[PDB]
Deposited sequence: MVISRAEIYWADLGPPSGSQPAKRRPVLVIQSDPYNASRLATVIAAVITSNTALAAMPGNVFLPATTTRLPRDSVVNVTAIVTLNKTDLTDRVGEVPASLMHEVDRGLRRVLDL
């Protein structure tokens, strides 16, 4: 399918299904590269207290509940592992993810 950055996908991890936030750059996403790097998203809002983590409301993400991006949990998944494209994270919130991403990875 068409996978691009800043988009939220329901990923298959009986696999344990979880929403993920693609953080890999779009040129690699469009390539023949088999895998996609993403951040694991939880509905546990308590994790938004962690420094790098950002909060995502359900109203913008089309997720069934208010969720939190866990920038400390980074997974590299096959493109085939991604399922539903539920929504896209707006620029303002993705920028907060990028800042938190730089703190965790010292970038």
**Message:** Numbered from 1 along the deposited sequence, what ranges are absent from the coordinates?
**Reply:** 14-20
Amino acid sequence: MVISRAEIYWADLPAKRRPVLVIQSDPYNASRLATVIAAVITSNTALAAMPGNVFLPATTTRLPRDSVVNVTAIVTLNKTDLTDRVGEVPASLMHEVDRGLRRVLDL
From here on, numbers count along this sequence of modelled residues.
**Item:** Residue range whose averaged C-alpha B-factor is higher in the record, 56-64 or 69-77
**Value:** 56-64
**Asked** Comparing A49 with the other modelled residues of its chain, is its CA B-factor in the lowest, middle or highest third?
**Response** middle
**Complete:** Tertile call for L93 (CA temperature factor, within chain, third-based) is the highest
**Item:** Ranked C-alpha temperature factor of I41 among modelled chain residues, by third
**Value:** middle
**Prompt:** In terms of the CA temperature factor given in the entry, to which third of its chain does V86 belong: lowest, middle or highest?
**Reply:** highest
**Item:** Relative C-alpha B-factor of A15, binned into the chain's lowest, middle or highest third
**Value:** highest
